[PDB]
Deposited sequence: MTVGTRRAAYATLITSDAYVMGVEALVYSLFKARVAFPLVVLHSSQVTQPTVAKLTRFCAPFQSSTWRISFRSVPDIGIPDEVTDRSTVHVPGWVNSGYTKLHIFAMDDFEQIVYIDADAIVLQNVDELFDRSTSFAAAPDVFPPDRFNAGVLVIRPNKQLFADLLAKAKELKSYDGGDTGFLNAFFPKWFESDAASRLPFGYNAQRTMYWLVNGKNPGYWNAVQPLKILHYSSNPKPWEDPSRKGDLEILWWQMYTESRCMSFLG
């Protein structure tokens, strides 16, 4: 079992660093694999590998894996389904941070789990996926991605077309919102109805969906992201 994340552009390296460190703080008991695609230049990989070295120990390994891009690079995320040297992968977008240990995600007995999106709430968001690799399933996702249109133009829209009955699936396959709390909801409800956000408990993974990404630019949640990233620099360089 492993955590995985993904970087397909140099610019997202800071998101990966914030995420890596948040997993270190949470003391996750499972290794992490960082997938990087062709468009990520080698210096950025080396910089990221250096950043991560002080968090390596006998009890937690961070490893790196080159993966090829998948165009429509928008589908590069599909590679997790081919990572079949692992029985189970918990995948987290690089624009997310872990606030609390989520090791219990690996106790779900299902081949595919995801949390609801906000729009519409009976579809899932592809930023947090608990999957069991299956190279045959991977081959079918590759094929069907030349046939199925996505309602949001990206991997979330595609994966919902490939799994249109996710809302009907068992509770193991449907993660509570606190495992993928998208800031878009906070943006929309904080000024008027802050109680809607406070009802998301426990809040374990904060997802910084939509744009700009916090490293591309000061709301309360963005402040929380900068708290985590800058602490990660102190601990990497000075710890």
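Gaps between the deposited sequence and the modelled structure occur at positions 1-7, 80-96, 242-244.
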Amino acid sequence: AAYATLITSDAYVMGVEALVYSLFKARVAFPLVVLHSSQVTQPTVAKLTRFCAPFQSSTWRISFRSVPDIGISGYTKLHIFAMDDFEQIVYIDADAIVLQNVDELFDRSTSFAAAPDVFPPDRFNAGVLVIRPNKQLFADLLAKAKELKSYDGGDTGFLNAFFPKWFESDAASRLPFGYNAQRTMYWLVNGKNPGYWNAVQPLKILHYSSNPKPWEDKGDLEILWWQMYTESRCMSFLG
From here on, numbers count along this sequence of modelled residues.
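Stretches compared: 202-210, 52-60. Higher mean C-alpha B-factor in the entry: 52-60. In this entry, 137-145 shows the higher mean Cα temperature factor of the pair 137-145 and 104-112. In this structure the maximum Cα B-factor among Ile70, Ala181, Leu188, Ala26 is found at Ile70. Per the PDB entry, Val40 shows the highest C-alpha temperature factor of the residues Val40, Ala172, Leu35, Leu32. When the CA B factors of the chain's modelled residues are split into thirds, the value for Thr5 lands in the lowest one.
In the deposited entry, the Cα temperature factor of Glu87 sits in the middle third of values across the chain's modelled residues. Looking at the C-alpha B-factors along this chain, the one for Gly154 belongs to the highest third. Sorting the modelled residues of the chain by their CA temperature factor places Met14 in the lowest third. Annotation for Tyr229: CA B-factor lies in the middle third of the chain's modelled residues.
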